[PDB]
Structure formats: C-alpha cells, structure tokens
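Before any questions on how it binds or moves, here is one chain, the form deposited in one PDB entry, in structure tokens.
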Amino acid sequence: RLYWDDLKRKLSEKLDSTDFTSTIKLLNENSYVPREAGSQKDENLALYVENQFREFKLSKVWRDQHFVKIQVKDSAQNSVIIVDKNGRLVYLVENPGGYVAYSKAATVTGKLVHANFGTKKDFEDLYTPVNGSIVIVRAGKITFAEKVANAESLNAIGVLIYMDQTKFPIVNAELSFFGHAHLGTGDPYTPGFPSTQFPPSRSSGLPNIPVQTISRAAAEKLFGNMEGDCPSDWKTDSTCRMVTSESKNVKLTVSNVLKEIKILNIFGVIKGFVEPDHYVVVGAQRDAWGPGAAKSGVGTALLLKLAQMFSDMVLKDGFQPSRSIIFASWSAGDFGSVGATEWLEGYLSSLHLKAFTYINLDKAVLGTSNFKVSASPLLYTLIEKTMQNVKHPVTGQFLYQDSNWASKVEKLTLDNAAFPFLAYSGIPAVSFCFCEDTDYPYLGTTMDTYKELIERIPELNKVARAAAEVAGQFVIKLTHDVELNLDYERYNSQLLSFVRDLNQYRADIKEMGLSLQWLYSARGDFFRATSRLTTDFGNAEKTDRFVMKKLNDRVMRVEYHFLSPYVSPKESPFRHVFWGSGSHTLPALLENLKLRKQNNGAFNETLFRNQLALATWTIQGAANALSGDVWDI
C-alpha cells in the first residue's frame, strides 16, 4: 500500500511523458475515420481498443454485445423543397448530407416558421402560431429531441434545424450535420419480446413528425423566401426571417430507415484488492457520425491512456486499488448513449450495489478558457479537492478559483452518457471538460477532425493531459481512501434549497388544506441520518474492513434511494427526483405550483397533492434507509 502523495506524484509523472495527440491522430486515420455505430470502422476501432486493453494486461477484458435498431438515411434522398401555393410547383433547395436519427419517416407540406432555439419559452414568445406549420430552429441551447418535443407539443408538423453563423462561425455554409431526436436514451424500439410481426411503441419518446438538419446555406435560401425580421433579442444573423411569404410554403421529405446493428461495448477491468465486486466506471463514446475527433477521439484516447497508466501503476509501481476500476468503450453514443444504456438496463436495480461512481470522458477537451463540471452532489467534494491540486494547462493556476463553484454547477443533460447512470441507475456520475462559452462548432459534422482540433487548440496534448489528471485523481481517490469519497451530506443543502423554494408558497398550501409538516420531518430525518452516519464513520476503526464495508455500503445506496420507487422505469426511466425527468421530480412539483399564480387552468391541484405525497415518501424512505439499525430511531 502506497501513500496518497506518492500516487499523486506517480500519476502526474506518468502523465508528463504521455503522448495524447498521437493517439487522437491515430484514431483519425482512414481505418477508423468515419465510424458510425455498427459500421465496420466502428468495429475496427472496437477491435483495436480491445487489443490495446489486452496489451495493457488488465485483469480481464470482455465484450458486451447488443443488437439494436438505429435509423440511418435511405438510398432515397431527404429533401427540402419550396412550393408555390399558386399551381403547386416545387423547387428543390437541398438534399441534406446529414440527417436526424429517429425522425418520423414522412412527407409534410406547410408554412415555415422560425422559432429561434425552439425552447419552451421561444415558442410562447412567438407572435406567429406554430400550429400546422413546419418550424425552423437554430441548433444549440437544448437537444434536438427537446426542440422536436416542444414543437410537437404545439402541433408543428415538421422541424428543420440549421447552425446559424452567430452561434457557429463556420466558414463553409454548405456543411451538413447529424444528431438524434429521441427524447431519452437507449434503444427506443425495445420490445420486451422477440417477434415479421410489428408492435407499436407507446411511451417511447419518439417524434411523430419529420425532423431534418440543413446547411446554413439552405436555411438562408429559405430565408430568401420569408418575411419578418428576427428579434434583435435572438442575437442572430441579419439573414434570418420569420415566416414564408403568403404565396409560398415549404415541403420536407424524410425517408430514413430502421436498421438493426451489432454494437460492441468494450470493457477492461483492473480488479480491486479489497472489494473487487465494487467498481468505479470510466467510460467514453467510441462511435461518431463523421470523423468525430472531439466527439469521440479525445474521449477514446483518454480512455486508452488512462487504462494504460493505471495498469502500469498496479503492475510496476505498487498501486493497489481497494475497489475495481472498469474502463468502458461505448458504441452508439451518437444515438443517445445507446451502448451505455443497454448495458445499464441489464442491471436496472442491482447495478448501484456494485458501481459506486461513473466518470464520463466524452468531449473533455473542446477549448482552453474554462473548466466545466456536471455531477451528482455526492462528488462535489472530490471534484473540489481535485481542482485544488490540478493546474490549468495554459494558465498554470489551480483549476479551483471560485469558492462558490458548486452553486453554479449545471445538471447533467440527456445528451450526456453520465445522465442515464445518475438518473436511471442511481450511480453518482461526473462529466467535465475544458471549453469556452461557445459550443464546439464542428460537433456532429465531417469537420470534427484532428487537424481542426489541433488547430483551434495547439496545446491539445497539455490540455488532454490535464483532463486525464482530473479523471485519474478521481479514480485514485475513489479506490484508495478507506471511506468512499461520496459526500452524502451534500444532499442536505439540496433538500434545504428545495424546501426553501417550496416555502415560497406556504400560503397556497393553506388554501388547499395541506400541511407541509410531514415533508419538513422527512428533511429533518435525512439530516439526522447523515449526522449519525458521519459520527459512525468517525467512531469506526479505519482498519476494520467489516465495519467500513457496512458504512461504505450505506453510502453507496444514498444516490439510488432518490430514485422514485413509485414510477415504472419503463414509463419513466429517469426516476431520480432531483435529476430525472417527469412529474415525480422535485422540479416538476415546483413548476406545477408556480402555475397557480395564473388563474388559468394549467395548475393541477390534484397532481400536486400526489406529488407532495410521493416526494415526502421518497425522502422519508431515503432518510430511513440511511438510519441503519431498526432499533435506532
């Protein structure tokens, strides 16, 4: 067993002589260049990664194979067409190079209406009714899946998406791009039974309208046939317009088809010396529509180098992780973390007893200016201590520069592979990156190349190196300390913050005959439960692996006990009342209640009483799950 100081030094010095850019460049070679999930090139890289793991001599390397239905574009072209309502003659504007996976295959003709980013707010602020019209929106702010849903929610009949030059200062205006519009993760077409025969989807999260990505040039050509200046508030090109002329409307034809593919998740593992049946999981997306250097290459490179380093530290330098470290190369990430989700779904309710943390490595390097982090609050302390002794690659200062960084942390979103881990599986998760206030413009394009990457970021090797150090320090701390570096006390602030918000309606809870007393008591009981647990840790003999096991297991279950037990994972997979999606999340409870100031019928008093109940029960349950022995109350 080594000292944390030595492990820190060892990791750092191994990192010093590590060549990241070579690997990123290597992954950008023609053997791997265009690696859409399931393709032979994806399969090539999968084989290469797998071989590398074998050369690193990890305890065991294996395959997690899955068959899934994705959507690819048909031999028939998707098309964007302008129609003259006079005589109904059509003019072809574009056959897009790209497409949007999970779009309804259909042909729709209507008026075209701009809706900015297609955010929920953008739609309400519209002075043009979207109903029965095709909508065009800029990429960014929110996922394609959300834009489609918001629009579909207002009865739009189709969606176009372009990259405006203000948000995406790309010289080539003919660039086409890719994404998906499945409002979830995993395979949307997952019949619980094999079939020839065709069953409907139900609560799939799939679009019922066609959605399609277009080049900025094609959008500006569409603007050429539209009227109305865009609000300066949108801060967009002067090109932009709002609505088709009276005599014209647009026709969209999407003919994407379902294809079944064989994806491979490639796994390596360094077994733990004390509790090998518990693991930290480190993963990266291996697939990409185009070259996907930043989208896929960076992550896969870090995955490979981290795997190599830790294998060397165990075999040469005497590092002895208490718990196991699993390295995961995912496929079909581009379709909604499909690879990751399929694997997660094998262990719906059991995984949280083995995996205590997931570290995502996707898009860790996109810029230089900033260091962003999204994570479970359970990892805020680990993250903080890690930023306090990792240096900025350009700047030289420690990453930790703001004592208040934790309150400004944004939550994991659906397009992040870290999301299903936290919100569906109840495993604390963290994603982080070096970046700007600007999205990396080339993501999802054929311009996401190494050359492009090394050009916007000439210090690529140093920056990737800093990204590896944070992930590496995470992984060491997590498998070295006898306690788990999961700060369960953090959820007191979260509950406090939530009740603090809720208490801004102590009046409206009166006019409904409701007391919030049982909820306050749940919050109090959780506080007590954490306090008792901290005391127990302090009074425990750190060398007694039996008592630590027992205390650590309690910590490992905190996250999962915030998954609502009162909703089916099939109907709503994202059960986490803090971080998931649906009417069972604390945020939903607040939004339903904010709709009570308006005397409009949007408020749903009944729903709220149920939400209040389920929340209280969930929180009580978590407090009770943490308290320990049934005679201690």
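Note that residue numbering follows the sequence shown and begins at 1.
The form deposited with a partner chain bound is left out here; the points below concern that form.
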Site check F144, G205 and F419: each within 4.5 Å of the partner chain in the entry with it bound by heavy atom: no
Touches the partner chain in the entry with it bound: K41 (any heavy atom, 4.5 Å): yes
4.5 Å heavy atom contact, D74 and the partner chain in the entry with it bound: yes
Any non-hydrogen atom of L589 within 4.5 angstroms of the partner chain in the entry with it bound: no
Contact flag, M313 vs the partner chain in the entry with it bound, heavy atom cut 4.5 Å: no
Residue stretch of 363-371, 257-265, 153-161, 428-436 approaching the partner chain in the entry with it bound, non-hydrogen atom distance within 4.5 Å: 257-265
Contact residue in the entry with it bound, chosen from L27, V49, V577, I70 - any heavy atom within 4.5 Å of the partner chain: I70
